[PDB]
Participant: 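After the structure tokens below, expect a handful of questions from me.
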Number of protein chains: 2
Amino acid sequence: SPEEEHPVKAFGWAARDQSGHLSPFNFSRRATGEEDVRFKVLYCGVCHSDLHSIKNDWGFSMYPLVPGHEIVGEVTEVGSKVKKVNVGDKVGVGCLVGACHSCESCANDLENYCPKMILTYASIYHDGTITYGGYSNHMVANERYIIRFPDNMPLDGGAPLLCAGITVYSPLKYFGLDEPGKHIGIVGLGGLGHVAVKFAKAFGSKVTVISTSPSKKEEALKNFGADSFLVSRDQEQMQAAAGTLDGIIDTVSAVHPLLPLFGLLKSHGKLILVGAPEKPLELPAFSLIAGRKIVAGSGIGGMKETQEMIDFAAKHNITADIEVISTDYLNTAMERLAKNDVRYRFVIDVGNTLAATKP
Amino acid sequence: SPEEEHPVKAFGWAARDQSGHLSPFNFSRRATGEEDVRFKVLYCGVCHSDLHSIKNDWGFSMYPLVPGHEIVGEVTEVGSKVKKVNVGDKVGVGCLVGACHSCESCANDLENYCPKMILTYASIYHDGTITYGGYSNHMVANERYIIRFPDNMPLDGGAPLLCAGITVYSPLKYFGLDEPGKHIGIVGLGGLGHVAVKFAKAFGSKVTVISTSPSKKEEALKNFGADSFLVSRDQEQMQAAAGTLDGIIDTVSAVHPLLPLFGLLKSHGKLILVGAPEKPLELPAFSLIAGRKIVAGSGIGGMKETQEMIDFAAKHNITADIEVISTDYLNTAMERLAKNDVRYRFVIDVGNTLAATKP
Ligand SMILES: NC(=O)c1ccc[n+]([C@@H]2O[C@H](COP(=O)([O-])OP(=O)(O)OC[C@H]3O[C@@H](n4cnc5c(N)ncnc54)[C@H](OP(=O)(O)O)[C@@H]3O)[C@@H](O)[C@H]2O)c1
Ligand SMILES: NC(=O)c1ccc[n+]([C@@H]2O[C@H](COP(=O)([O-])OP(=O)(O)OC[C@H]3O[C@@H](n4cnc5c(N)ncnc54)[C@H](OP(=O)(O)O)[C@@H]3O)[C@@H](O)[C@H]2O)c1
Ligand SMILES: [Zn+2]
Ligand SMILES: [Zn+2]
Ligand SMILES: [Zn+2]
Ligand SMILES: [Zn+2]
């Protein structure tokens, strides 16, 4: 049973089937190994991936499932061989908790592209046990997967950077879209989306937000500093912005038309997909052939870059626009997320509200 | 009318509607300008694009339509300003006959990606008249679009290189798939596909052919030098070749599964689409995200590279494997091409059979 699997008792909220209903769940975590860092969870951002997972949208879900991979907390214990962290330090854990550490990808700081990468939740750890996420009281992870939180970085506002942040920061850098002056488009002004605008602006790029929500126009332009706001619903407005973007970061969580997006790209432009739709997208061959355009994918980021990303965010005072919620509000929050009703990221105040939900 | 539009009478075969039925057609071409090169058409390869066009598969077809853009012939007249071409020289014309010549793309020898590029047929020329292709008695084109044919290359066997050849040569070079030690896959062993294998091997790469025709195995391995032949519908064979390719050149002219192709690619692999299916392809976001893979498109090539391509082909004794046909066999040939019944490129013997079809 989950409660007896490991020596240290743990408590959190989990889903038991694809209805995705979350409720109190008792389990356990391994003892602190020599290279392990144990910490009390203070905050955990809510990623749409969490929603996809509890609902089994991708079909890769095993239950019971404890989601959450934008975890921030305070160190309570460290193994005898830990070097970069001390008890009391503020740390975080993203989407990864392990990898093989013996392949070219891992050697090149790309644990995220390791064929044996281990996800923070819904995966199998090196000890053969299921991984449980951040919607819980405490966490333990190997030092290589521990992110050191900057002193000038709010614990709640910076939590989403652990997944949303690195996921958009990584491709902007890798695909050479972080050049000042370049025109970058962001599709879907949601969790990853609004954070992507912030990073793009910090890199000095001109940003165009492509959205299905006219109500987000003022916030996109006046608060996030987007240079242009396009409603994908408006074919008229889209055509007027034809061939204006050097690259696009698409964060849409559902199947959506790609044709219009390629139209916004300049010759040789790049469309980067980071959203994880449940089903395949439509790709018009002509959209790529005419202008030698590219469509690529990107997943989170390696551990080294994740730390570099949070260090950059702290220097540029970048944080997510969050709505802090109590643990018992999780099911309502999940429905609001499904209905595009959050501006722009939910963050669970685990440290102050989880304990009270114990039956 | 086509016959009165220009001063020089011309004769060829054209389609009048989406049925694609080809028959004798009288038209005309402009007088030889100061920078123009006029030549008698000796051969014209039959590209599947010709088939797509006459059947109006893409919807951009204007009728009457004279296809053909793998044109080879002998110069009969040259303008006073022509610098490198002389009467009697063997020359060729590919998919392009013009561009703006005042933009960045043109300046970078990429007339093919110029927004005002002018296709050899079914386009509008600088004088506002419709362009007619190589299924005709003679051709006239500005010197910048004239390819100088190498002395050691057959006029018929080399004709297909003008479109099929440059189209596969360009991406191999551009996406860095032209190096020994690289394992490349070619999807669809047809007109473009078989020439692609030849160039790939000439570059020194290891080549895997992915086909739906098992009868093509022997020719692929024995004649073209492919190192591996995979039947795309054989899941077991495809599975065993998982993650072995650095890149893939997809020439398929119809909708086909991309998921299996992504499976063959190594991490960070590139899938290059050159085939032009009318309907959209299915693109699973996870196929790109898991491994940071790319799908790109490529169209023919610029004039500078087209000349470099044919020179490279001549140096390596590369030619298309053709079936020479008489002009009056065109409708039967189009039916066979539609049914994937040619090994591997039809080439019209215009110089010896076109005139005979004049009533
Ligand atoms: N690959 C990776 O590494 C990675 C990492 C984290 C998350 N993801 C994935 O990225 C996606 C977004 O996550 P979030 O956490 O950013 O989600 P979110 O907060 O729900 O934001 C998605 C944003 O997209 C738009 N959208 C939703 N449904 C749409 C539809 N049917 N058509 C067009 N636009 C639609 C909305 O923006 P508008 O109101 O502006 O239209 C919505 O605000 C999820 O699929 C998630 O699993 C991938
Ligand atoms: N973008 C550009 O610059 C450019 C330039 C020239 C041509 N093209 C386009 O490239 C495509 C190929 O032209 P070709 O002239 O090379 O054509 P082709 O000679 O007909 O060859 C297409 C080859 O693909 C495969 N194929 C056909 N139907 C298929 C199906 N339903 N499923 C899977 N494979 C299929 C067959 O190979 P197997 O027998 O091995 O399966 C066929 O031999 C056309 O769409 C053409 O318009 C693009
Ligand atoms: Zn996430
Ligand atoms: Zn590894
Ligand atoms: Zn062609
Ligand atoms: Zn131009």
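Counting convention: from 1, in listed order, for ligands and their atoms alike. The chains referred to below are lettered A, B, ... by the order of the sequence lines, with proteins before strands, and numbering in each begins at 1. Keep in mind that the numbers below use all heavy atoms, side chains included, and drop hydrogens, waters and symmetry copies.
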Participant: In this structure, which one of A:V295, A:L258, A:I272 forms a side chain to side chain contact (heavy atoms under 4.5 Å, CB included) with A:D250?
Facilitator: A:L258
Participant: Is the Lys NZ or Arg CZ of A:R292 less than 6.0 Å from the centre of B:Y174's six-membered ring, within 45° of the axis?
Facilitator: yes
Participant: Is the shortest side-chain heavy-atom distance between A:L265 and A:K270 below 4.5 Å?
Facilitator: no
Participant: Tell me, which pairs form a side-chain hydrogen bond (donor to acceptor under 3.5 Å, both in side chains) where one or both residues lie in residues 299-309 of chain A, sequence neighbours left out?
Facilitator: A:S170-A:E305, A:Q307-A:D311
Participant: Can you find a pair of side-chain heavy atoms, one from A:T353 and one from A:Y329, that are under 4.5 Å apart?
Facilitator: no
Participant: Could you verify whether a donor N or O on one side chain and an acceptor N or O on the other, from A:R29 and A:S136, lie under 3.5 Å apart?
Facilitator: yes
Participant: With A:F25 as reference, evaluate A:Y135, A:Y132, A:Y63 under the ring-ring contact (aromatic ring centres under 6.0 Å, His included) test and give the passing residue.
Facilitator: A:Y132
Participant: Could you list the residues that satisfy side chain to side chain contact (heavy atoms under 4.5 Å, CB included) with A:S53, not counting sequence neighbours?
Facilitator: A:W58, A:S61, A:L65, A:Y121
Participant: If you take all heavy atoms of A:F149 and A:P154, which pair is closest and at what distance?
Facilitator: CE2-O, 4.4 Å
Participant: Quick check for you: within a radius under 2.8 Å, how many protein N, O or S atoms neighbour the Zn ion (ligand 3)?
Facilitator: 3
Participant: Hey, which protein N/O/S atoms does the Zn ion (ligand 4) have under 2.8 Å?
Facilitator: A:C100 SG, A:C103 SG, A:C106 SG, A:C114 SG
